[PDB]
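Right, one structure below, let's go through it.
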Amino acid sequence: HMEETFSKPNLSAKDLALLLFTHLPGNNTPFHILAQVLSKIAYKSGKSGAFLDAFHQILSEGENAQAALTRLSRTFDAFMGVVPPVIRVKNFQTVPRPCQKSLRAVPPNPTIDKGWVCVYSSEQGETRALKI
Amino acid sequence: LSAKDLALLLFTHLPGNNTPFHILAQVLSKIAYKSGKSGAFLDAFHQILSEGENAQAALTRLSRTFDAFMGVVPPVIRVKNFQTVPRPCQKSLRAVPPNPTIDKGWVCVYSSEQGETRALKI
Amino acid sequence: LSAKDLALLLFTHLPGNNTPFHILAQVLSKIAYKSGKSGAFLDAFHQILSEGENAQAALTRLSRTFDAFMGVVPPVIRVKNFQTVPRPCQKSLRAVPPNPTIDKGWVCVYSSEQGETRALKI
Amino acid sequence: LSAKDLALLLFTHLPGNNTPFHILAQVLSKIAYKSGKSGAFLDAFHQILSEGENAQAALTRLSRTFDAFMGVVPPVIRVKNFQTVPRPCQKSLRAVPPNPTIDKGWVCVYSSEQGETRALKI
RNA sequence: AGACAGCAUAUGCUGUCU
RNA sequence: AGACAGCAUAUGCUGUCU
Ligand SMILES: [Cl-]
Ligand SMILES: [Cl-]
Ligand SMILES: [Cl-]
Ligand SMILES: [Cl-]
Ligand SMILES: [Mg+2]
Ligand SMILES: [Mg+2]
Ligand SMILES: [Mg+2]
Ligand SMILES: [Mg+2]
Ligand SMILES: [Mg+2]
Ligand SMILES: [Mg+2]
Ligand SMILES: [Mg+2]
Ligand SMILES: [Mg+2]
Ligand SMILES: [Mg+2]
Ligand SMILES: [Mg+2]
Ligand SMILES: [Mg+2]
């Protein structure tokens, strides 16, 4: 039982994002998208455990999960310089409703560490970036 | 004045029923009573109403500035499951963070019969 | 590119509608275009975005550093009364100082039917 | 110009309401008035604005440099308690230092009904 | 839906201290 | 550069009333 008590495996990107979702208010907000985006980059970087630990450390300072994710996007080394992923959509009406008003023209050189979550591209080759 | 008598006075100033603010008023009233600052708490609450702000603003202000409350951890409240949490409180439940305090808006920690927990956040 | 088309492009980078930054975009687009410096203004804007600053920061920076704006008096715009100013701008209205300029964050001077003036500040 | 009218004039240049700068504007207007220097005070304020400085910077500068304010003790303002202090000033209350003076950025000393003091600092 | 209220985040501008 | 503060905008969450 002691092995079972103390064993803490690294989480998959999907399990990581699900844990984050439990601390966030609402559903399909820009923070939910960021949680999925960051979880994927953290995982592929081999930093799933470090990222989750850093997330909890910020929370333990009294900050909520929204403040934690934006701080991590700013400071966590696996995110520095990283470009937001491009996501194909039929059109921009397809972007989750609570995200739509956070859409902006793509700047020339968008990065996660400046608050750019993802870039949506439509079937017409148009693009918008999701900004927190 | 008792913890329960205090809480009902506050209820007369709050819109609706069993909202997060109702729970907060109950949680604060108990802590205030136990610290012996039950009188001082109510006066502070009235003082703020006089200044033109409402009850919600009074409770959040007091929860952040009232001596008795600063640093205090939200209490654990047993429920059968999270759908027996009062309905106007259910969409304000989150995972419990490591160090919740009432002065940041954490009202209480609900624990289920499975030993799972959620925190009520204003 | 016309002043009008310049402002429409800048609007694609801006959050909200009719904010003080929308007004500033329109005011700077007109001044830039009249200076014959429309191409240079748009290039300097993009160059700033490309350094990682957002569009709001780029417009205030251009207002402070783009030669064609230094010491320029904000344009006077006639309005029925200050309730007619766009809602998101009304809280940013101040008494007109002596010697307002664009480079110090003064966007425009609203002039009411009754002859009073307020200046919009970013 | 009376202390009240002077403060009213200054208020038209300030953002928000009941900020520490509104309290300073009232404090300085009274001191200038009492010393027969309201005219010179208003002129010095306008002069600084006409250099492109904003109203907040003008008031902090005048508090430091205008002769009528040098070494003046901030006025003591009696209040029920510190919840009575305007909300935008509350986070700017500090312990009263040794020898508070207007020219070192201390605006006023609030004295609670229970004999405690805190000073408002810009 | 809207109005109001409370909470949070991001950005800009300003001021003070180190 | 950081800490803190003030003001504004934008967005999101929750509650009530209609
Ligand atoms: Cl219980
Ligand atoms: Cl005063
Ligand atoms: Cl007199
Ligand atoms: Cl007197
Ligand atoms: Mg299609
Ligand atoms: Mg009620
Ligand atoms: Mg919008
Ligand atoms: Mg008006
Ligand atoms: Mg004002
Ligand atoms: Mg929260
Ligand atoms: Mg500074
Ligand atoms: Mg210093
Ligand atoms: Mg020093
Ligand atoms: Mg809402
Ligand atoms: Mg709601």
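Heavy atoms only: backbone and side chains are in, while hydrogens, waters and symmetry mates are out. Every chain is numbered from 1 and lettered A, B, ... according to where its sequence line falls, protein lines coming before strand lines.
- In this structure, C/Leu14 places its CG atom 13 Å from P of E/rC13, rounding to the nearest Å.
- Between C/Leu120 and C/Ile23, the closest side-chain pair of non-hydrogen atoms falls below 4.5 Å.
- We find that CG of A/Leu130 is positioned 11 Å from P of F/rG12, with the value rounded to whole Å.
- A/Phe79 does not carry A/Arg74 over the face of its six-membered ring by the limits of under 6.0 Å from the centre and within 45° of the normal.
- The shortest distance between side-chain heavy atoms of B/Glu53 and D/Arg87 falls below 4.5 Å.
- Note on B/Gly105: nothing from the nucleic acid sits closer than 4.0 angstrom, heavy atoms only.
- For C/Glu53, taking side-chain heavy atoms from C-beta onward, the closest of the listed nucleotides E/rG12, F/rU16, E/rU16 is E/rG12.
- Across the protein-nucleic acid pair, D/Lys91 atom NZ and E/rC17 atom P stand 20 Å apart, rounded to whole Å.
- The backbone N or O of B/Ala57 sits less than 3.5 Å from a side-chain atom of B/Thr60, completing a donor-acceptor pair.
- Formation of a donor-acceptor pair under 3.5 Å by the B/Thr19 side chain with backbone atoms of B/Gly16 is not found in this model.
- The nearest whole Å value for the distance from the CD1 atom in C/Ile23 to the P atom in F/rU9 is 13 Å.
- Protein atom CG of C/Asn54 is 12 Å distant from nucleotide atom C1' of F/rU9, rounded to whole Å.
- Between B/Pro15 and D/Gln90, the residue anchored closer to the 5' end of RNA chain F is D/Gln90, taking for each the nucleotide with the nearest heavy atom.
- The side chain of D/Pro20 sits closest to F/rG6 out of E/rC13, E/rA8, F/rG6.
- Atoms CZ (A/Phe31) and P (E/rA10) sit 7 Å apart, rounded to a whole Å.
- Side-chain contact between A/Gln36 and A/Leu18 is absent, with no heavy atoms from C-beta onward closer than 4.5 Å.
- Between C/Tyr110 and C/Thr117, every side-chain heavy-atom pair lies at or beyond the 4.5 Å cut-off.
- Toward the 5' end of RNA chain E, the nearer of the two residues B/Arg64 and A/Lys114, judged by each one's closest nucleotide, is B/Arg64.
- None of B/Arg61, B/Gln47, B/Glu51 except one satisfies the side-chain hydrogen bond (donor to acceptor under 3.5 Å, both in side chains) rule with D/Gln83; the exception is B/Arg61.
- Checking F/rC7, F/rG15, E/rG12 against the side-chain heavy atoms of C/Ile122 singles out E/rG12 as nearest.
- The CG-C1' distance, from A/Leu72 to E/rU9, rounds to 14 Å in whole Å.
- For the strand RNA chain E, secondary-structure stems (runs of at least three Watson-Crick or G-U pairs, all distances below 3.5 Å) span E:1-18 with F:1-18.
- Residue-level contact check: C/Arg87 touches neither bases nor backbone, having no heavy atom under 4.0 Å from any strand.
- Distances from the side chain of A/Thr70 to the nucleotides E/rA8, F/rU16, E/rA10 place E/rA10 closest.
- For E/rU16, neither phosphate oxygen OP1 nor OP2 lies less than 4.0 angstrom from any side-chain nitrogen or oxygen of D/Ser92.
- Residue-level contact check: B/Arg61 touches neither bases nor backbone, having no heavy atom under 4.0 Å from any strand.
- Going from atom CD of B/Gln56 over to atom P of E/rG6 covers 7 Å, rounded to whole Å.
- Residue A/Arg104 is out of contact with every strand shown, counting any heavy-atom pair closer than 4.0 Å.
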